[PDB]
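As written, the chains take the letters A, B, C and D, and residue 1 is the first residue of each chain.
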Amino acid sequence: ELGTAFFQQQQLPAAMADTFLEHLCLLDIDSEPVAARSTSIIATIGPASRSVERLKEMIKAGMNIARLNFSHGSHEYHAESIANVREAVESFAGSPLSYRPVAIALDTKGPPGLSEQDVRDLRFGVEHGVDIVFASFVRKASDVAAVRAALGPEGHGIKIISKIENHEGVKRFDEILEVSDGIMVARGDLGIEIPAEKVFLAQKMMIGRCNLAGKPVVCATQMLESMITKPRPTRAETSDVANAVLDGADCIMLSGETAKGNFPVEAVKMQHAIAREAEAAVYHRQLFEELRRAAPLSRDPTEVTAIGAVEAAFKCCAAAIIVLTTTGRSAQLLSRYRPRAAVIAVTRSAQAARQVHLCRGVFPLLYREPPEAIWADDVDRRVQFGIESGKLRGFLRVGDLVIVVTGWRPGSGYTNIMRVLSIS
Amino acid sequence: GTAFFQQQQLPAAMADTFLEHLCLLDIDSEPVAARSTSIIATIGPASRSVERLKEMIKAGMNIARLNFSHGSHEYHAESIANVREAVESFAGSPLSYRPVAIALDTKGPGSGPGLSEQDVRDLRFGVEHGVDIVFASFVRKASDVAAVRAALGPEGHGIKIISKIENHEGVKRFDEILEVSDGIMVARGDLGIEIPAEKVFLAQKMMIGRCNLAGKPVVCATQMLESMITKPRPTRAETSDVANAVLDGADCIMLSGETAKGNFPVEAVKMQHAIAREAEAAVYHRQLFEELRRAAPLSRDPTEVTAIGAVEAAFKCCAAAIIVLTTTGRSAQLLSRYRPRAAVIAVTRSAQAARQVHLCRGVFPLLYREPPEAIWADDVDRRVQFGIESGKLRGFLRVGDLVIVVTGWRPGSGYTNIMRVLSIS
Amino acid sequence: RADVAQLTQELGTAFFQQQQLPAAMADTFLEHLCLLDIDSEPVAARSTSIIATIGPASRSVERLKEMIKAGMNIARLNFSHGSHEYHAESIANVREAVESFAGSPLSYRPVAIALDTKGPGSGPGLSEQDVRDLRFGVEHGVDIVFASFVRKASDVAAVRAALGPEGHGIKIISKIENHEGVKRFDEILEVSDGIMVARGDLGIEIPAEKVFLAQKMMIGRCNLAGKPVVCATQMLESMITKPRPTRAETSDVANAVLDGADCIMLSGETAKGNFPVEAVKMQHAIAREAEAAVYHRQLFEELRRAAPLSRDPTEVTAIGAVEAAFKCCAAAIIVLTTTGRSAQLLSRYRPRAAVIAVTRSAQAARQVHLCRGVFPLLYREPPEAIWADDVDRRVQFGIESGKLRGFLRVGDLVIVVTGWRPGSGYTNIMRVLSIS
Amino acid sequence: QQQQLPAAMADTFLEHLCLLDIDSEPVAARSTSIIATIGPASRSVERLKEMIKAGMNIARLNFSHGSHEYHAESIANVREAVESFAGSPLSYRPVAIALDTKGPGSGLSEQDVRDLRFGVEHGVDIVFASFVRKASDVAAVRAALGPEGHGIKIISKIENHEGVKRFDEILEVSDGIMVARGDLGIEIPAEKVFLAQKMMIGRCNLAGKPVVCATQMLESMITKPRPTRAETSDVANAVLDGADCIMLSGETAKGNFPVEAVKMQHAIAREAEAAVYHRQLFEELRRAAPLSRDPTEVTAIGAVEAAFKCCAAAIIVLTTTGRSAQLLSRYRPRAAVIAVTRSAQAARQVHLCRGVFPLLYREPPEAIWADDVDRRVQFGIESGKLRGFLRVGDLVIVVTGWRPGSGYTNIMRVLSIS
C-alpha cells in the first residue's frame, strides 16, 4: 500500500476534510510538501540579475520565466540579458536532472493607440524569439488587438498576457480576457489607479475569472518588496505569496526584488519555498467540485479527456499526468482542473515547452529524438521519456500509477485518450 | 438543441438543490435513455410458453427467476429449456439479440440453522443446468453464503450469489453478508412478516444505499405490482413503489406472482419498464454522482481508476454511451457503480457474463459471437464497432453522438486501463 | 462526533440511537440512507395528519371514537356518494365522537371536517350540484373543502364565491386530477390554501407511470410555497379486504411522507372497507417511522436556500425558532396562534420538534391539522385582565398539557413563539425555556 | 448592489470571487477591531484622539519597552483621549487597554509577575501573554493576575513551534489567541507561518474565541505614507481568514504615520469584511458548532439565523460580561452586533470579538426591570440611528434574558425600527 507516512505529508489530512473550515483547522506546519512546486516564478532580469553566473543560480533557485522590463534599458541591453538567460539555460543541457526550459517574457513600456516605442519593442520581441508579452495598461479588447497586430507575421505564436493596471481594465476585464492568452494583476499601477484597499478585490476577482476561463493569471508587484534591501521578507510578504497561490494564481512574479535588489537569488528561493507550502494547502476537494460545476459541458475531446484524466488522477493519488502536446493546449486543459498530480508535458516544440510555464502544475519536457517511422512507437517513446524523466526527477517510482493523455492520430487538436499506467 | 435539454428531465437535472430538482420534474419531459434498471420476471405457468417468453423478452425481461419453492427439478429444467429456446430465437439477428439471465431462487433453510439438504440438491441442479445467478433465500450470516458457494462446487465458481435478506438477523448482519456476496435482494415478502411491516422501507433504503456504496447489485422484490396478478392496471401505490425503488438506487426490480401465475405477465413487465424509464430520468445525478465519488475510497486498481475517469468524461460531454469490452463483466460493473446517465454498452464473448451483467444498473450486454481476429487491436476495434452498430440499430446512438470507449492494454480479464472519446460516424 | 459529543454525554447514547438520529447526523444523503436502522425506534408524536373518509364502514359514533384514538385528524365526506342527509348524520356522528373526549385538553383531539366535492363532470367549471354541496358545507360548518378537478385559478375563485360571505374561513384544498391541473399548478397553488395530489383520476388522465413525477413535483412546490399538500388514493388499497397491506402500499405511505406530504389519506380503506381502524393505525405507524427517516439536515438547508428573504416578522421568528429547536434537540415549539398562520410558518421549515399550537379558535385548531407537525391545543379560558398574563397563561397551558401528554419532560428545552400585541399577524418573539 | 451583495449571493466560492466588484462600496460598520501599539509616536492625548477617530479599538502597551511610569502615562493619555468624547453618550466609543508581556526569555518570569501586577493595579482589560507554549503558562499568568484580575482577558500569544503543537490545550484555557508572526517567523520556517496563522484562526473560529493577527501587517508604513501591495493583501487576507482583530506594532508605536496606519487597516478591513462569503462561512460555522442545551447558545444561533433571513441591520444584545455578544459573534452575522452593557470593562473587552459594537449604558435606571430592559434596547436603537447602523424601516433582532444577572439570555425578538 502507500503507508501512513504518505497520508501525513503534503497536507493530506487537511485535503480529506469535509468543509473548508475543517480543512483550515487541519493545516499542519509539520506536514512536509512532497510534490514539485507548480506555481511558476517570473523573475525580472535587470542590473542585479543579468550575469550568466547569477542567472544559473536563479534557474537553480526556481526561475521559470525571465521578464524583461522595456520601461528601462534599451534593445541592446535587453538583447544581452536574453542572450545571458539562454546561455545560462543551455549550460544545463548536459544533465537531464537539471536542464529546464525558461520562457522569455517582454514587458512593454505602455501607452491614443499602441505607442511607437511599444511597436518597436514588440518587433524586437518577435525578432529575438520571445515567448510571452506582458502588455502594459490593457484597458479594452482593442488594446489586445493592437498588440496582436504588432506581433506581425512571425510572432502570432507569442502569448499575450494582458496587464490590468487601472479602473477601466478591471471594468472591461471580461472583454480583455476573452481576447488575451492570460492576465497579469499588475498591482503597482493598480494600487495607484484605484484605492489601495480595493486591490485585493480586483486580484481575487481576476484570478477567479481566469481560473474559470482556464487561462493563466499572474500575480505581480511588491510580493517580497522588502527583500530589495533585506535578506528576509516581512510576515505580510510571505503571507501575500502564499495567498496569491491559494487565490489560484498560475504564476507569481518578482520585479525590483530580482531586477535591482541586493538578494535576487534569495527572493526566488523564498517564492519557491512559499509556493510549495501553499500548493499543498489548496483545498482541492472544493476547488475541483467548483471548477467542474462552473465549467460548461463540452464536446471538445481534449476538454473531455482532461477532466476524465484529472478525475482519474485524484482517484488513485497519481504521481503524475503525462501528456503529449505540440502547442501546450492539452496540458493547459489539464491544468485548468487543478490536479494535485504534476502535469508532465512532453513536447517537441521548444516554444510550447517554455510557454506552458504559464499554466500551474505543468512541467515541460522538451523531446528532441528524431521521429519514429511508426507513429505508435513514437508516441510510446515519448510516454516512456516522460516516465523516465519523472523517475530521474523524483516525481515517479516503480509501482506508482500515472495517467497518460494522448490523441488518436498525430498533429495538434486530437487529444482523446486517457490511460492508467503502472510504472515499471 | 433546445429540444434535447427539455427531454429526460434535464431541467430538473440542472437544479442546484434536490428540492428545486423535485419542483422542476415535468410529466411532459419524455424519457430518451434506454431503461437501465433490469427487470427480473419469475417463471411459472403464466410465463412458461416459449411464445409467451418471446413476448416477455421483447417487453423488457432481463432475468428469468426460477422459484425452487414450487415445482420439481423436471419442471425447472423445462423452464430453463423454454427460456433458452425463446432467448436463442433472436440470435439470428446479432445486432439486436438480448441476453437473458437465469436465476435460481432457493427454497431456503426452513426451521434449520443453515443450508438445507434440498438446497444442496437444487444448487447442484443449478450448476448442472448452467444457471447464472443464485438468489439464496434467508441469508442470515456470512457462513450461509459460504455454504451456498461450497454447494455450487468447483464447476459453479462463476455463478453470482445474490443474498436474500428476509429477516431481522439478515438486516443486522448485512455488512458481513454483503462483503461475501455478489449482491443483495431485499426480499420484502418474508421481511415484512419477520420485522414490522412499517419498518420494511427503512431496511430497503438502507440496503440499497449500502449496496450502491459497495458497488454491488441490489434487487428490490415482492408485491411491486401485486394487483396486476388479476387486474390489467396497477394501483397508485404500486407504480409509486416501482418508481421509488429505482429512485432509491435499485439495480433490479422484480416480478413474482405478476409473471409466474397472473393474467398479465407481459403487461406487468411492460409496466415496470415504463415506470423504471421515467424514474431513471428523475434521478438527481448531480447529487448522486457527487456523493458516490465522495464516498468511494481511493483506488490503485486501474479498472476502477479508468471507470471513474470514463464516467466523469461521459457526464462532461453528455455521452450517449460508454462502450466497454469485458470478459467477466467487471469493467462494466465498475462503470455502473458511478451511475452514469450514459448507457454502459458492454461487449463480451462470454455468454454467461452477458447474462450476469443485467444485475448492474445501466449495463446493456451485447454478446459478440465472431471468433477472434488474428490482430488483437483489430479484434478490439470490431467489438467496439459491433457496440456502435448495435447501439445505432437499438436507438442508443446516432451519427454525431459522442461515446466513451473503455478497453484494456492486453487480452484477458483484469487489464482495463484506457478511456477514449469517440465521435459516432 | 465533536458537534454532538457534549449533548451525547448529557442526553445519553440511548437518546442518540433513537428516531434515526445516527442517520440524521450523516454528512450526505447516501450516508443518511446507509445509517437508517430498523432498530432505531420513533419517539416523536406522529406529525403527518391522517385524513380518513367517513362512510358506511366508519360512520358509527363508537367506530369514530376508535378512529380518533387510532389517529384520524381530518374526517373526509365524499359528496360523489350519499346525500346531504347521509353526510349530515356522518358529520353529527364525528362531532359526537370528538366531543366525547372534550372534558380535558389531555384527551381532546380536534378533528377537522372536510367536504370533498363531486366535481365539474363534463362541464367547464362549477356544477350546480357543487354549488348546493358547498352551501351545505357552509351551513354545516365544515373546515375544509377538497375541490375536485381544479384545472385553473378561476375554478378555485368559483368555489370561493360559492362558499359565500359566511364561508370565508373555510380552507380550499385544490385537487389536481388531470393534465391541465398539473400544467397550471402554479396559478392554482397561488390562489388555493393547499393541494391534494388526487392520484386516482390523475392516474387515468395522465399515463400511470408519470403520476409519481406529478406527485413529487407538486409536493416539492407546496413545500417551497409553505402550503399544505395531501397525498391521496390507493395508499393502503388492499386493506379494504385484508388486515395487512402489501409491501408496495407501506412503501407508498412512507415515500409520500419522505416526499414532503403534510397529510396522507384513506378513501375506500375507511369509507367501505373491513378494517377502517386498522388502516388508520397502519398509516399512523408508517408515518411515524418515515418522519424520523426524513433527512432534516438537507431539507432545512434547502428550504433556507430556496425560500426568499423575508421582512415578515412571523416568518423571521419561525426560522429562528426552528433553528433554535434543532440546536438543542428541543422537544417542542409552543406557539400562540389565532388563525394557525404562525404554526404554519414553523411547519414550513419542517422542525423535528412538535409544533404545539395554542389557540382559542376551534376552527383554526381543526384546520392546522393540514400542516405537518402541528398539534392543536384548544384553549377555553376567558381572557385575563392583563394581556401579558393571558399570553403567559396560554404558554403555561401548552407546557402543562405537553408534559401531561409526554411531549415534554422535565429537563427538556422548549422554544416558545409569541407576539408583541393582541391580534393575528404580530408574532415576533422566540424564547428558550427549560421545562421544570 | 453595495457591500459585495452580488458576490454574497453566489452559489459557489469560485463564482463569489468572480463577482467581487471594486465599485461595490462597503456600507456596514467595520467589524474587525484594530489594536494599535501606543508608544513614542502615538502617546500624546491629541494624537490618541486622532487614533480613536481613525478606528483604534484596543491600545496595546508593549512591556518589552519603556517602564511602569512610561506605560502608566500612556494609559492615562489613552483614558483622557477616550473620555474627551463621553459628552455624547449615543456616540461614545470604548477603547480597551491591553498589556503585552515581555515574555519568559530563557516558568513565568519575575518581570512578568511585576508587569501583570501593574496591569491589575492600572485596570487593564486584556493581557497579551508572550510566548505561551502550554496550558500551565496560561495558569501562571492567571495566578499572577490574582483575585483582583479575575475579569482580565488572557490572549495567549503563539510564537513558537511548541505553542503551535500544543495549540488545542492552550486555546482551551485561554480567552483567545494572538498569532504573533514576528517570533513565529523566526521560530519556525518563514514559509510555514501562513499555515499556522490559517490553522489557528480556523480553530479559534470553531471554538468561538477571539483570534488576533499580528506583526508586520503594514510594516513599510513605519517610514512610508502608503503601504506595499503585499501589506494591503496581508490585512485583507487576515480578515478573510477569520481574524477577530488585526494589529499594528511599530507602525503606531514608533513610525512616522501612526494615524494613517490605523486609517489604512480600517479601510482594508471594511472592504475585506464585505468580501467574506457568508453563505459558506455561516453554513460551516453553524454545522460545526456543537449541539447545545445552553439557552444563550441556542438563542444566539436563532438570532443570527433570523438576522440573515431579514437582512437585519443589527442584532441588539444586552450583556453584562460580553458573553451573549460573543456567542452571536461566533456565527459571523453580516448584521452588526450592538452590545448594550453597563460594564465599562465588558464594553472595552468585547472589541476582541468580531462585529461586536459596544455601547456603554449610562442613562438613569428604570424602577421596573422590564422597563429598564426596554430603555436599554431603545438606547441601542437611538445610538444605532445616530451612528448610521440603523434607519427607520430597518429590521433588528433584539436579544435579551428572562431575569437580571449574567447567564440568562433566552429571548430573541424581531423589531421594526421607528
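Points worth noting:
What we mean here is this: a contact is a pair of C-beta atoms (placed from the backbone, for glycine too) under 8 Å apart; a residue touches a chain by one contact, two chains touch by 3 or more.
Chain-to-protein mapping (UniProt): A, B, C, D = Pyruvate kinase.
Chain B and chain D, compared by their mean Cα positions, are separated by 60 Å. Rounded to a whole number, the gap between the C-alpha centres of chain C and chain D is 47 angstrom.
Shared interface positions of chain C, i.e. residues touching 2 or more other chains, are not present. Taken as a contact graph, the chains are arranged in a single closed ring, with each chain touching exactly two others.
Chain pairs that touch, as defined above: A-B, A-D, B-C, C-D. Of all residues in chain A, only 289, 297-299, 301, 303-305, 307-309, 311-312, 315-317, 401, 403, 408, 416-422 touch chain B in the complex they form.
On chain D, the positions that touch chain A within their shared complex are 4, 12-23, 161, 164-165, 181-182, 185, 188-199, 201-203, 205-206, 215-220, 226-238, 241, 264, 267-268, 270-272, 275, 280-281, 284-285, 287-288.
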